[PDB]
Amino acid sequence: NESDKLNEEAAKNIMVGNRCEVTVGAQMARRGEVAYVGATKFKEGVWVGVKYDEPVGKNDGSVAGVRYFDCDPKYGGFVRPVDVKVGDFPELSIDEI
């Protein structure tokens, strides 16, 4: 009950194309771009599909044979809106310093 409310609230400002940072549980934060926001076929509620900067995801934009977005293998992930912050989150990389 409380979780659905928290997820619905967090999703209101999450738009496809937004840069983002994903923090799932204990894991290291990972940045990418929002590729999907809304309901899916695999579980009820709101999901955020992310196209990650590094191959640190779990999918290729598809889950259970259903395509939701396009990306390379291991660059995609689906997480709950509460685990996603959107804003100016540029790619963590240093060319030369």
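So that there is no doubt, residue numbering starts at 1 and follows the sequence shown.
> Please compare 58 to 66 with 22 to 30 and say which has the higher mean C-alpha temperature factor in the record.
Result: 22 to 30.
> Sorting by Cα B-factor within the chain, modelled residues only, which third would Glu2 end up in: lowest, middle or highest?
For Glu2, the deposited C-alpha B-factor lands in the highest third.
> Lowest, middle or highest third: which one holds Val79 when the chain's residues are ordered by CA B-factor from the entry?
Answer is lowest: the recorded C-alpha B-factor places it there.
> For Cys71, return the chain-relative third of its C-alpha B-factor as stated in the PDB record: lowest, middle or highest.
Its C-alpha B-factor, which the entry lists for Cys71, ranks in the highest third among residues of this chain.
> Report the third (lowest, middle or highest) to which the CA temperature factor of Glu8 belongs, ranking only the modelled residues of the same chain.
According to the entry, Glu8 has a C-alpha B-factor in the chain's highest third.
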